[PDB]
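Asks: Got a structure for you, written out below as structure tokens; questions coming shortly.
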Amino acid sequence: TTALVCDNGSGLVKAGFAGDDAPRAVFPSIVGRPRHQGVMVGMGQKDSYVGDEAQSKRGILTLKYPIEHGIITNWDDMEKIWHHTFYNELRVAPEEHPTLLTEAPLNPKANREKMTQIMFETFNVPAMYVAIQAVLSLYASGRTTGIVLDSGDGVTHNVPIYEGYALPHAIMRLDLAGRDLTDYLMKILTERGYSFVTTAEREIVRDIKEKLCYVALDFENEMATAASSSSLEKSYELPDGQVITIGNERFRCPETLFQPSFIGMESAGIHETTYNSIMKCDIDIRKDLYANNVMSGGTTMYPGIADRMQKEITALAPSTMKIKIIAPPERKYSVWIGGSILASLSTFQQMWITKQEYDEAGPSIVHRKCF
Amino acid sequence: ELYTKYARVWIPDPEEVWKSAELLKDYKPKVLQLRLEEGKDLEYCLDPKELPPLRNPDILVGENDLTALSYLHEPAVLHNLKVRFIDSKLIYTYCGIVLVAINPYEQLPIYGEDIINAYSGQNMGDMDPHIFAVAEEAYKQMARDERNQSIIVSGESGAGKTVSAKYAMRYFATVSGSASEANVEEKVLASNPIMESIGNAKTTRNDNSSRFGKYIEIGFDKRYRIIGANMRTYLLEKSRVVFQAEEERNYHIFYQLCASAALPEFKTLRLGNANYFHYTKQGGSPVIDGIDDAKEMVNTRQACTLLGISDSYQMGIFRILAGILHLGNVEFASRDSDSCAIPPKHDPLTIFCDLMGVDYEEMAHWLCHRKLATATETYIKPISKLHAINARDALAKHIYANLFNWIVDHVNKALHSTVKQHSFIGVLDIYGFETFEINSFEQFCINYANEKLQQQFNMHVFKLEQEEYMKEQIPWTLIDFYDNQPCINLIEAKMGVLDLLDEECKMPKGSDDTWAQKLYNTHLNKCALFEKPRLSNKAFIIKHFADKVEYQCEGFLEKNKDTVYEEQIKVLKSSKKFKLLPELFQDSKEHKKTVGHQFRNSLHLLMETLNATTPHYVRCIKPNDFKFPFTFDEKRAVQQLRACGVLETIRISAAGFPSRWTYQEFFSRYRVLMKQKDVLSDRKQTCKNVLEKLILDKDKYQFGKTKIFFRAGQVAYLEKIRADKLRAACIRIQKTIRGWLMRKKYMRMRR
Amino acid sequence: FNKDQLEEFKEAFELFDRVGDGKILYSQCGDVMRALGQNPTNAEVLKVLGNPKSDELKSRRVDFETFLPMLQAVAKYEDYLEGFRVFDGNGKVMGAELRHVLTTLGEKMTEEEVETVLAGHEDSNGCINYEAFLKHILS
Ligand SMILES: C/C1=C\[C@H](C)C[C@H](C)OC(=O)C[C@H](c2ccc(O)cc2)NC(=O)[C@@H](Cc2c(Br)[nH]c3ccccc23)N(C)C(=O)[C@H](C)NC(=O)[C@@H](C)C1
Ligand SMILES: Nc1ncnc2c1ncn2[C@@H]1O[C@H](COP(=O)(O)OP(=O)(O)O)[C@@H](O)[C@H]1O
Ligand SMILES: [Mg+2]
């Protein structure tokens with residue numbers, strides 16, 4: 001028997017079997033309920049649409065995301081998204097196969113309890129475990145030592161790790177995201193005279209963000225140059241075939257990660273949380289963290305972001321000390337690839353929460369074994 | 001007490017492992033008073049409390065079956081074998097169902113056709129042991145009951161497992177009456193130079209060791225004519241293709257090729273000197289003494305021809321092998337830890353690509369990058385230099401192992417024959433326990449395969465004796481059974497040694513000696529049979545069936561990694577230049593399996609095959625390191641008798657009732673000890689009463705229908721009391737006749 | 001031993017004196033003991049002689065007076081029957097087998113002693129009535 005490895009994030013869901021090299025199912029994670037009065041008769045009206053269907057239908061539907069930041073906002077919806085994942089997309093019943101589930105570094109314990117409860121009680125999962133994403137990114141990228149930086153929709157977080165020991169007191173959380181980047185991209189697109197209000201159109205904005213945004217290696221030079229010409233400027237095609245043309249704004253969307261005052265958040269940019277996380281740690285290991293610094297999850301896919309972090313950390317950190325950044329092309333998936341490795345390992349087989357251990361102690365048990 | 005003056009004992013001697021001694025005065029509870037053959041002066045100390053092994057009486061010594069000896073211990077066995085070999089020139093011997101064989105290097109007449117006929121009807125009890133007696137029993141078993149029968153041979157391959165199998169087939173042929181119909185032995189023996197060329201290597205202790213298990217199924221008709229044969233192979237030691245430790249070589253074929261390289265026949269291949277290539281260089285030992293590799297190559301070709309592999313295919317085979325060699329000389333530069341590149345216009349990759357007809361650009365690209373495919377989107381990713389090296393060596397192993405399976409398929413194509421295989425008898429050639437002063441993953445595999453065969457042997461023996469006791473209407477429950485499942489679970493169970501190796505392969509910055517720490521954490525005191533050597537943290541010791549063996553972590557991960565990047569295969573599979581290379585792959589998860597996992601899977605096939613079948617064993621022994629014909633050396637033979645499990649089998653036999661006598665056979669010999677009132681009209685009840693009076697401990701013997709059994713040593717105790725009482729009677733009568741002579745001399749003076 | 005016995009024994013002893021010094025050899029002591037009706041084993045003879053060494057056994061000479069304590073010490077059927085039943089079940093014994101065991105086991109004797117004692121006691125099969133042979137050799 002071989003065990004499912006499945007990652008809920010806000011945004012995508014990756015699921016597949018342990019020991020695969022790449023996930024078997026990838027689809028956006030959406031629930032959609034129709035908002036128009038169905039006029040045709042015999043249409044086949046359906047109570048709700050889950051994942052990729054809703055993204056096809058989206059013009060008709062209103063799209064809600066059941067996970068925001070890291071926190072699961074309502075539980076019937078995920079019960080759907082898991083039902084759909086196991087039964088149709090993997091076509092393997094959750095009684096048959098152990099399961100490994102994934103979370104942000106800091107979340108309300110109530111959700112991890114509810115998650116284990118639904119897994120044992122509703123799906124009758126034989127056993128399961130919950131594993132912190134930055135650990136999996138390390139397994140994914142061949143290292144026992146590094147600082148991990150991960151960002152999806154929802155959470156951005158850092159975890160330093162040194163020869164396999166976490167340093168809990170240095171864990172940082174921050175809520176800059178693919179999502180809040182999209183919302184700011186919309187609000188700045190308003191300044192250029194284009195506007196996207198409805199939920200489905202937000203996903204058009206998100207496709208703009210994926211295709212066209214990029215990070216300025218140096219910010220004021222490119223802002224001046226983009227005022228000086230349209231050489232930067234590029235244009236893109238809405239689903240009806242209208243054209244839109246976007247400006248100096250193009251780099252400004254990913255930039256807010258580096259200067260969260262652009263969204264009015266208070267925390268310093270990711271430079272200063274990365275550095276302050278390193279400095280929070282003990283002073284020998286810092287030499288090894290600066291050498292091994294690893295990036296994970298989709299919000300770090302922006303072209304240029306690696307070289308911008310090398311520049312600005314090398315400014316911020318003490319000089320004469322090697323600073324290197326590791327940004328593998330896989331990185332959008334590496335949390336899954338690390339889950340595949342971890343679940344395949346033999347040692348891990350002790351470490352499942354087996355159903356009896358839940359039956360004895362209720363959902364409280366998850367805190368004891370898992371983290 | 002068993003010891004007295006004029007008892008005899010073996011003593012430990014370094015000149016040769018055990019030496020005969022005779023006891024001068026009765027022992028009473030710390031020093032023993034002793035004669036050697038020479039000197040005849042000694043003291044020996046019981047050194048708490050030991051006692052020296054006590055020597056069987058000469059009536060037992062020399063008799064055909066080792067179990068018939070009343071004491072069973074290493075000295076007695078080694079002596080009885082030595083006397084049968086030297087004085088009777090009898091090579092074959094028995095230990096229970098096992099047949100032991102010691103090869104001479106002289107040739108013997110005893111396989112002559114007449115003797116075949118003399119065996120052909122008999123049961124093995126009726127005859128001195130000889131290989132035909134096993135072939136005969138297998139034949140009769142297959143006749144009496146419908147089951148198949150298997151014959152299993154073991155021991156370091158210099159011992160002539162080949163000659164034993166050859167004569168087993170000659171017997172099958174001649175008693176079957178298929179000498180006209182069949183060419184089976186002729187083809188089988190024609191095949192051997194191919195297998196010997198692609199399966200054998202020079203190990204640090206022996207030349208022409210064979211690293212694979214070979215199983216040959218002789219098919220019988222419904223009327224028990226020979227149909228033909230089918231060949232299988234198991235347990236091929238792929239790791240040797242890439243890596244060697246000093247004074248080893250890899251498989252002979254590479255050297256037989258390099259020797260011939262100067263011929264026009266191979267001018268295409270641009271072969272060099274045999275140590276030019278990174279796969280053949282590392283052993284430091286290009287040449288085996290006294291083999292001219294070219295002269296072996298010729299015989300290899302002629303055997304291939306005689307098996308109907310054409311001149312077209314043979315040049316394909318050597319083309320591939322040269323490809324593996326040239327592939328070995330590929331070399332990489334690291335540009336950064338995350339990536340590597342091949343130097344421009346790299347010569348050996350150029351030659352390799354032309355040998356395969358796959359373009360330099362294509363494989364220069366795929367050698368240094370691996371491809372992910374997510375469902376939506378592919379990614380193409382650089383790999384570290386170390387991983388590039390791992391991946392190349394993987395590919396070289398995968399190519400070799402497939403070429404081997406291919407040649408064995410064609411040899412089968414020649415052996416195989418149309419008619420329905422009604423039932424079959426199968427003859428199996430496998431190595432025994434391998435232990436050297438340095439032991440490594442290859443030894444670890446060989447010893448685990450032996451631990452499994454030894455288990456299945458132990459269960460078969462226990463079944464036969466649990467049957468015989470119920471045949472004799474004795475309680476079987478008395479018979480104890482000894483189970484090496486606690487070792488096998490240490491090797492192959494989950495979180496065994498193998499599963500922590502296969503885990504440590506994939507864990508990040510997994511490394512040669514931090515594996516060991518996982519071993520020590522898991523087993524060091526929690527398990528029975530696993531031990532750490534005091535001197536070191538790089539090694540561990542397993543209590544195998546026969547002996548302790550230590551292993552060293554120094555090679556384990558680099559030997560154990562195998563992972564093949566799908567597209568590096570895809571490149572070759574596409575090639576158009578010549579036929580064979582697309583033919584090899586012609587048959588998805590296998591590409592991830594480690595060598596230890598493919599070995600465990602190959603071993604389960606072998607065990608599933610043999611468990612279907614009733615075995616009959618053989619053992620082989622190599623009685624001197626130097627090929628002196630009919631010379632026997634105890635320090636070698638003791639080592640091999642330990643390494644073949646023979647000694648530890650006999651030790652298991654010692655536990656209960658090795659020794660058996662039938663009532664009349666016992667009664668005749670012991671009648672000397674019987675008083676007239678004790679003789680009865682009934683033999684059974686007579687011998688019961690005699691034995692109960694002569695031996696007070698009733699736990700030492702058991703009565704059954706025709707056979708009494710004795711725990712080891714009671715028969716010698718009886719022969720002792722028989723000699724003592726007879727000698728006393730003889731001394732009395734002798735002294736009387738000496739007095740009569742004196743009385744006549746006295747009368748002569750008086751007269 | 002009384003005076004008459006001592007006189008008869010001394011006369012017999014002097015018959016074994018082959019040198020005229022009134023003495024026998026240690027090696028003759030056994031001969032004298034057997035000639036006087038004793039049937040001692042070689043072990044008993046060596047014990048009463050004091051386990052002599054070869055040299056004094058072959059050349060040291062002792063008179064009757066030194067022999068006498070030894071004779072005294074030496075002096076101080078069903079077993080015989082069982083002893084014969086060892087070699088038995090028609091009451092006969094092969095001459096070859098008795099010869100082999102008497103010349104190869106125990107305190108081995110010469111072939112000539114056995115031939116001398118066995119002369120006239122074996123039948124046409126080469127069998128000896130051992131109860132009769134025993135009575136004869138014990139008289
Ligand atoms: C008015 C306040 C709190 C709330 C509205 C008061 C209500 C009453 O708290 C809840 O119980 C609701 C809920 C919640 C959700 C699920 C659950 O199983 C338990 C609670 N938690 C939330 O909405 C969290 C979610 C969250 C963000 Br993003 N990152 C985080 C990092 C770690 C943990 C959690 C989070 N959230 C948005 C806030 O706290 C905001 C920032 N808080 C405030 O502005 C201050 C002034 C206090
Ligand atoms: N090539 C890209 N360029 C910019 N943003 C991207 C790219 N690919 C994905 N994203 C954004 O990353 C976010 C999803 O990140 P991901 O790591 O997949 O989330 P999760 O970890 O929750 O699965 C979305 O905002 C998505 O639009
Ligand atoms: Mg994520």
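In the structure tokens, each chain is lettered A, B, ... as it comes, each chain's residues begin at 1, and ligands are numbered from 1 in order of appearance.
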May I have the residues of chain B within 8 Å of chain A, counting only C-alpha atoms, written as a compact mmCIF listing (two decimals) with N, CA, C and O atoms, in the first residue's frame?

Replies:
```txt
# COMPACT_ATOMS: atom_id res chain seq x y z
N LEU B 372 11.61 16.71 -15.69
CA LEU B 372 10.33 16.48 -15.05
C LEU B 372 9.22 16.66 -16.07
O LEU B 372 9.33 17.44 -17.01
N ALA B 373 8.13 15.92 -15.88
CA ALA B 373 6.85 16.29 -16.46
C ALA B 373 5.81 16.38 -15.36
O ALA B 373 5.44 15.35 -14.78
N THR B 374 5.34 17.58 -15.07
CA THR B 374 4.05 17.73 -14.43
C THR B 374 2.93 17.53 -15.45
O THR B 374 3.16 17.56 -16.66
N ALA B 375 1.73 17.28 -14.94
CA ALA B 375 0.59 17.04 -15.81
C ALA B 375 0.44 18.15 -16.85
O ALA B 375 0.29 17.89 -18.04
N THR B 376 0.48 19.40 -16.39
CA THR B 376 0.39 20.54 -17.30
C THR B 376 1.66 20.72 -18.12
O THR B 376 1.61 20.85 -19.34
N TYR B 379 9.44 20.37 -17.11
CA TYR B 379 10.60 21.15 -16.70
C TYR B 379 11.87 20.39 -17.01
O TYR B 379 11.91 19.16 -16.92
N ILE B 380 12.92 21.12 -17.37
CA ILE B 380 14.20 20.53 -17.72
C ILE B 380 15.26 21.14 -16.82
O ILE B 380 15.42 22.37 -16.79
N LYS B 381 15.97 20.29 -16.10
CA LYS B 381 16.61 20.66 -14.85
C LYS B 381 18.06 20.19 -14.85
O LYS B 381 18.33 19.04 -15.24
N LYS B 494 11.18 -4.88 6.95
CA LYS B 494 11.14 -3.43 6.92
C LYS B 494 11.87 -2.84 8.12
O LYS B 494 11.73 -3.31 9.25
N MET B 495 12.66 -1.80 7.86
CA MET B 495 13.70 -1.32 8.77
C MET B 495 14.69 -2.43 9.12
O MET B 495 15.24 -2.46 10.22
N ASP B 499 16.41 -2.08 3.96
CA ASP B 499 15.49 -0.96 3.86
C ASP B 499 16.07 0.33 4.43
O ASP B 499 15.75 1.42 3.93
N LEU B 500 17.00 0.25 5.39
CA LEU B 500 17.70 1.47 5.79
C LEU B 500 18.79 1.88 4.82
O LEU B 500 19.06 3.07 4.69
N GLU B 503 16.44 3.50 2.03
CA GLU B 503 16.10 4.83 2.53
C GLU B 503 17.28 5.79 2.43
O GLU B 503 17.14 6.90 1.90
N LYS B 506 18.01 7.90 -0.78
CA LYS B 506 17.19 9.02 -1.23
C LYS B 506 17.15 10.20 -0.26
O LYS B 506 16.87 11.32 -0.70
N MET B 507 17.39 9.97 1.02
CA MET B 507 17.42 11.05 2.00
C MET B 507 18.49 12.09 1.64
O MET B 507 19.55 11.75 1.11
N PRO B 508 18.23 13.37 1.92
CA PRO B 508 19.07 14.45 1.38
C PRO B 508 20.38 14.54 2.15
O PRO B 508 20.39 14.51 3.38
N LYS B 509 21.48 14.67 1.41
CA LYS B 509 22.82 14.53 1.97
C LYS B 509 22.91 13.26 2.82
O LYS B 509 23.54 13.23 3.87
```

Asks: When you look at residue 103 of chain C with a cut-off of 9 Å (counting only C-alpha atoms), what residues show up, excluding the ones that are within fewer than 6 positions of it in the same chain? I need them as a list in words.

Replies: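 Within the cut-off, the hits are residues 734 of chain B; 109, 110, 111 and 114 of chain C.
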
Asks: Write the residues of the preceding selection, restricted to C-alpha atoms, as a PDB file, in the first residue's frame.

Replies:
```pdb
ATOM      1  CA  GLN B 734      45.498 -65.469  27.880  1.00  0.00           C
TER       2      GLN B 734
ATOM      3  CA  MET C 109      50.684 -64.019  23.294  1.00  0.00           C
ATOM      4  CA  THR C 110      52.786 -65.586  20.561  1.00  0.00           C
ATOM      5  CA  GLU C 111      51.334 -67.847  17.866  1.00  0.00           C
ATOM      6  CA  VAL C 114      48.622 -70.911  21.209  1.00  0.00           C
TER       7      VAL C 114
END
```

Asks: Using only C-alpha atoms and all ligand atoms, find each residue of chain A with at least one atom at most 7 Å away from an atom of ligand 2; report its shortest atom-to-atom pair and that distance in Å (one decimal), sort the rows by chain and rising residue number, and return the result as JSON lines.

Replies:
```
{"residue": "A:8", "atom": "CA", "partner": "ligand 2", "partner_atom_place_in_ligand_line": "22 (O)", "distance": 6.4}
{"residue": "A:9", "atom": "CA", "partner": "ligand 2", "partner_atom_place_in_ligand_line": "22 (O)", "distance": 3.1}
{"residue": "A:10", "atom": "CA", "partner": "ligand 2", "partner_atom_place_in_ligand_line": "22 (O)", "distance": 4.6}
{"residue": "A:11", "atom": "CA", "partner": "ligand 2", "partner_atom_place_in_ligand_line": "22 (O)", "distance": 5.0}
{"residue": "A:12", "atom": "CA", "partner": "ligand 2", "partner_atom_place_in_ligand_line": "23 (O)", "distance": 4.4}
{"residue": "A:13", "atom": "CA", "partner": "ligand 2", "partner_atom_place_in_ligand_line": "23 (O)", "distance": 5.8}
{"residue": "A:14", "atom": "CA", "partner": "ligand 2", "partner_atom_place_in_ligand_line": "23 (O)", "distance": 6.9}
{"residue": "A:151", "atom": "CA", "partner": "ligand 2", "partner_atom_place_in_ligand_line": "17 (O)", "distance": 6.0}
{"residue": "A:152", "atom": "CA", "partner": "ligand 2", "partner_atom_place_in_ligand_line": "19 (O)", "distance": 3.7}
{"residue": "A:153", "atom": "CA", "partner": "ligand 2", "partner_atom_place_in_ligand_line": "13 (C)", "distance": 4.9}
{"residue": "A:177", "atom": "CA", "partner": "ligand 2", "partner_atom_place_in_ligand_line": "25 (O)", "distance": 6.8}
{"residue": "A:178", "atom": "CA", "partner": "ligand 2", "partner_atom_place_in_ligand_line": "25 (O)", "distance": 3.4}
{"residue": "A:179", "atom": "CA", "partner": "ligand 2", "partner_atom_place_in_ligand_line": "25 (O)", "distance": 5.5}
{"residue": "A:206", "atom": "CA", "partner": "ligand 2", "partner_atom_place_in_ligand_line": "27 (O)", "distance": 5.4}
{"residue": "A:207", "atom": "CA", "partner": "ligand 2", "partner_atom_place_in_ligand_line": "27 (O)", "distance": 6.7}
{"residue": "A:209", "atom": "CA", "partner": "ligand 2", "partner_atom_place_in_ligand_line": "4 (C)", "distance": 5.9}
{"residue": "A:210", "atom": "CA", "partner": "ligand 2", "partner_atom_place_in_ligand_line": "4 (C)", "distance": 3.9}
{"residue": "A:211", "atom": "CA", "partner": "ligand 2", "partner_atom_place_in_ligand_line": "3 (N)", "distance": 6.3}
{"residue": "A:213", "atom": "CA", "partner": "ligand 2", "partner_atom_place_in_ligand_line": "4 (C)", "distance": 7.0}
{"residue": "A:297", "atom": "CA", "partner": "ligand 2", "partner_atom_place_in_ligand_line": "17 (O)", "distance": 3.4}
{"residue": "A:298", "atom": "CA", "partner": "ligand 2", "partner_atom_place_in_ligand_line": "17 (O)", "distance": 3.4}
{"residue": "A:299", "atom": "CA", "partner": "ligand 2", "partner_atom_place_in_ligand_line": "12 (O)", "distance": 4.3}
{"residue": "A:301", "atom": "CA", "partner": "ligand 2", "partner_atom_place_in_ligand_line": "3 (N)", "distance": 4.9}
{"residue": "A:302", "atom": "CA", "partner": "ligand 2", "partner_atom_place_in_ligand_line": "3 (N)", "distance": 4.9}
{"residue": "A:332", "atom": "CA", "partner": "ligand 2", "partner_atom_place_in_ligand_line": "17 (O)", "distance": 5.3}
```

Asks: Those selected residues, please, written with N, CA, C and O atoms and delivered as a CSV table (one decimal), in the first residue's frame.

Replies:
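Done, and the output landed in again06.csv:
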```
chain,number,residue,atom,x,y,z
A,8,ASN,N,-3.1,21.1,0.4
A,8,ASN,CA,-4.0,22.2,0.3
A,8,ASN,C,-3.2,23.5,0.5
A,8,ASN,O,-2.5,23.7,1.5
A,9,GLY,N,-3.2,24.3,-0.6
A,9,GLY,CA,-3.0,25.7,-0.4
A,9,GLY,C,-4.2,26.5,-0.9
A,9,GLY,O,-5.0,26.0,-1.6
A,10,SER,N,-4.3,27.7,-0.4
A,10,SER,CA,-5.2,28.6,-1.2
A,10,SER,C,-4.5,28.8,-2.6
A,10,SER,O,-3.3,28.9,-2.7
A,11,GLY,N,-5.4,28.7,-3.6
A,11,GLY,CA,-4.8,28.6,-5.0
A,11,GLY,C,-4.9,27.2,-5.5
A,11,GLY,O,-6.0,26.7,-5.7
A,12,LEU,N,-3.8,26.6,-5.9
A,12,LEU,CA,-3.8,25.3,-6.5
A,12,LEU,C,-4.0,24.2,-5.4
A,12,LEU,O,-3.8,24.4,-4.2
A,13,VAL,N,-4.4,23.0,-5.9
A,13,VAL,CA,-4.3,21.8,-5.1
A,13,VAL,C,-3.4,20.8,-5.9
A,13,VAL,O,-3.7,20.5,-7.1
A,14,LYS,N,-2.3,20.3,-5.3
A,14,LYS,CA,-1.5,19.3,-5.9
A,14,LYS,C,-1.8,18.0,-5.1
A,14,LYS,O,-1.7,17.9,-3.9
A,151,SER,N,6.2,31.1,-0.5
A,151,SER,CA,5.1,32.0,-0.7
A,151,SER,C,4.1,31.4,-1.8
A,151,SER,O,4.6,31.2,-2.9
A,152,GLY,N,2.9,31.2,-1.4
A,152,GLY,CA,1.8,30.9,-2.3
A,152,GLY,C,0.8,32.1,-2.4
A,152,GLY,O,1.1,33.2,-2.0
A,153,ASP,N,-0.4,31.7,-2.8
A,153,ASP,CA,-1.5,32.5,-2.3
A,153,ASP,C,-1.5,32.3,-0.8
A,153,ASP,O,-1.1,31.3,-0.2
A,177,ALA,N,1.2,37.9,-0.7
A,177,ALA,CA,0.7,36.7,-1.3
A,177,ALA,C,0.5,36.9,-2.8
A,177,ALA,O,0.5,38.1,-3.2
A,178,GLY,N,0.4,35.9,-3.5
A,178,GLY,CA,-0.2,36.0,-4.9
A,178,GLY,C,-1.6,36.7,-4.9
A,178,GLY,O,-1.9,37.4,-5.7
A,179,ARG,N,-2.4,36.4,-3.8
A,179,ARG,CA,-3.7,37.0,-3.8
A,179,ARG,C,-3.7,38.5,-3.6
A,179,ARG,O,-4.3,39.2,-4.3
A,206,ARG,N,-5.2,37.7,-12.6
A,206,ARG,CA,-4.2,36.8,-12.1
A,206,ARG,C,-3.4,36.2,-13.3
A,206,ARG,O,-2.2,36.0,-13.2
A,207,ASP,N,-4.1,35.9,-14.4
A,207,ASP,CA,-3.4,35.5,-15.6
A,207,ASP,C,-2.5,36.6,-16.2
A,207,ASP,O,-1.4,36.3,-16.7
A,209,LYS,N,-0.9,38.8,-14.2
A,209,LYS,CA,0.2,38.7,-13.3
A,209,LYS,C,1.1,37.6,-13.6
A,209,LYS,O,2.3,37.8,-13.6
A,210,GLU,N,0.6,36.4,-13.9
A,210,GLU,CA,1.4,35.3,-14.3
A,210,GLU,C,2.2,35.5,-15.6
A,210,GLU,O,3.4,35.2,-15.6
A,211,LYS,N,1.5,36.1,-16.6
A,211,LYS,CA,2.3,36.2,-17.8
A,211,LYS,C,3.3,37.3,-17.8
A,211,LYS,O,4.4,37.1,-18.3
A,213,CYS,N,4.2,40.2,-15.4
A,213,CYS,CA,4.9,40.9,-14.3
A,213,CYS,C,6.3,40.4,-14.2
A,213,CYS,O,6.7,39.2,-14.6
A,297,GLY,N,7.3,27.7,-3.7
A,297,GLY,CA,6.0,28.2,-3.9
A,297,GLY,C,5.9,29.3,-4.9
A,297,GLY,O,6.9,30.1,-5.1
A,298,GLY,N,4.7,29.5,-5.4
A,298,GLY,CA,4.6,30.1,-6.7
A,298,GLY,C,4.9,31.6,-6.8
A,298,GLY,O,5.3,32.1,-7.8
A,299,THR,N,4.7,32.3,-5.7
A,299,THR,CA,4.9,33.7,-5.6
A,299,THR,C,6.4,34.1,-5.9
A,299,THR,O,6.7,35.2,-6.1
A,301,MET,N,8.1,32.7,-8.3
A,301,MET,CA,8.3,32.5,-9.8
A,301,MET,C,8.6,33.7,-10.6
A,301,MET,O,9.1,33.6,-11.7
A,302,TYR,N,8.4,34.9,-10.0
A,302,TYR,CA,8.6,36.1,-10.8
A,302,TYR,C,10.0,36.2,-11.4
A,302,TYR,O,11.0,36.1,-10.6
A,332,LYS,N,7.9,25.8,-7.9
A,332,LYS,CA,6.4,25.8,-7.8
A,332,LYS,C,5.9,24.5,-7.2
A,332,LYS,O,4.9,24.6,-6.4
```

Asks: Would you pick out the contacts of residue 392 of chain B at 12 Å or less, using only C-alpha atoms, so that residues sharing its chain but fewer than 4 positions from it are not included, and give the list as a VMD selection string?

Replies: chain B and resid 242 279 324 to 332 349 363 to 364 366 to 369 385 to 388 396 to 399 561 to 565 568 to 569

Asks: Using only C-alpha atoms and all ligand atoms, which residues of the polymer chains come no farther than 10 Å from ligand 1? I'd like the answer as a list in words.

Replies: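 Going residue by residue within 10 Å of ligand 1, we get residues 68, 69, 70, 71, 72, 73, 74, 104, 105, 106, 107, 108, 109, 110, 111, 112, 113, 114, 154, 155, 173, 174 and 175 of chain A.
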
Asks: Generate the output file for the selected residues, C-alpha atoms, as a PDB file, in the first residue's frame.

Replies:
```pdb
ATOM      1  CA  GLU A  68      -7.722  32.231   2.895  1.00  0.00           C
ATOM      2  CA  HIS A  69      -4.245  32.997   4.087  1.00  0.00           C
ATOM      3  CA  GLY A  70      -3.647  29.537   5.471  1.00  0.00           C
ATOM      4  CA  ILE A  71      -6.829  29.282   7.428  1.00  0.00           C
ATOM      5  CA  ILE A  72      -9.695  27.123   6.232  1.00  0.00           C
ATOM      6  CA  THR A  73     -12.656  29.484   6.120  1.00  0.00           C
ATOM      7  CA  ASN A  74     -15.521  26.981   5.855  1.00  0.00           C
ATOM      8  CA  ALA A 104       1.420  26.649   7.128  1.00  0.00           C
ATOM      9  CA  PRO A 105       3.940  27.004   9.980  1.00  0.00           C
ATOM     10  CA  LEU A 106       1.521  28.785  12.343  1.00  0.00           C
ATOM     11  CA  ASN A 107      -2.199  28.111  12.164  1.00  0.00           C
ATOM     12  CA  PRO A 108      -5.017  27.901  14.700  1.00  0.00           C
ATOM     13  CA  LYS A 109      -4.912  24.381  16.118  1.00  0.00           C
ATOM     14  CA  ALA A 110      -8.686  24.182  15.627  1.00  0.00           C
ATOM     15  CA  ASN A 111      -8.246  23.738  11.890  1.00  0.00           C
ATOM     16  CA  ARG A 112      -5.693  20.932  12.192  1.00  0.00           C
ATOM     17  CA  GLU A 113      -8.068  19.198  14.595  1.00  0.00           C
ATOM     18  CA  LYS A 114     -10.976  19.608  12.192  1.00  0.00           C
ATOM     19  CA  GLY A 154      -2.049  33.246   1.380  1.00  0.00           C
ATOM     20  CA  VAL A 155       0.939  32.799   3.627  1.00  0.00           C
ATOM     21  CA  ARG A 173       4.782  34.719   9.095  1.00  0.00           C
ATOM     22  CA  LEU A 174       3.639  37.427   6.701  1.00  0.00           C
ATOM     23  CA  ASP A 175       0.468  37.710   4.622  1.00  0.00           C
TER      24      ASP A 175
END
```

Asks: One number please: atom CA of residue 191 of chain A to atom CA of residue 262 of chain A, in Å, one decimal.

Replies: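 That distance, rounded to one decimal, is 14.2 Å.
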
Asks: Return the neighbours of chain B among the residues of chain C, cut-off 6 Å, counting only C-alpha atoms, as a VMD selection string.

Replies: chain C and resid 31 34 to 35 39 41 83 86 106 to 107

Asks: Write out the residues from the selection above, keeping C-alpha atoms, as an mmCIF file, in the first residue's frame.

Replies:
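Written file, result37.cif:
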```cif
data_model
loop_
_atom_site.group_PDB
_atom_site.id
_atom_site.type_symbol
_atom_site.label_atom_id
_atom_site.label_comp_id
_atom_site.auth_asym_id
_atom_site.auth_seq_id
_atom_site.Cartn_x
_atom_site.Cartn_y
_atom_site.Cartn_z
ATOM 1 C CA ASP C 31 57.517 -68.505 35.525
ATOM 2 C CA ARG C 34 52.849 -70.161 37.425
ATOM 3 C CA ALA C 35 54.897 -73.353 37.855
ATOM 4 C CA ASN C 39 47.915 -67.804 37.517
ATOM 5 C CA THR C 41 48.489 -61.523 35.206
ATOM 6 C CA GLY C 83 34.607 -65.433 29.637
ATOM 7 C CA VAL C 86 32.142 -64.191 25.118
ATOM 8 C CA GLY C 106 44.666 -58.271 25.849
ATOM 9 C CA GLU C 107 48.152 -59.319 26.940
#
```
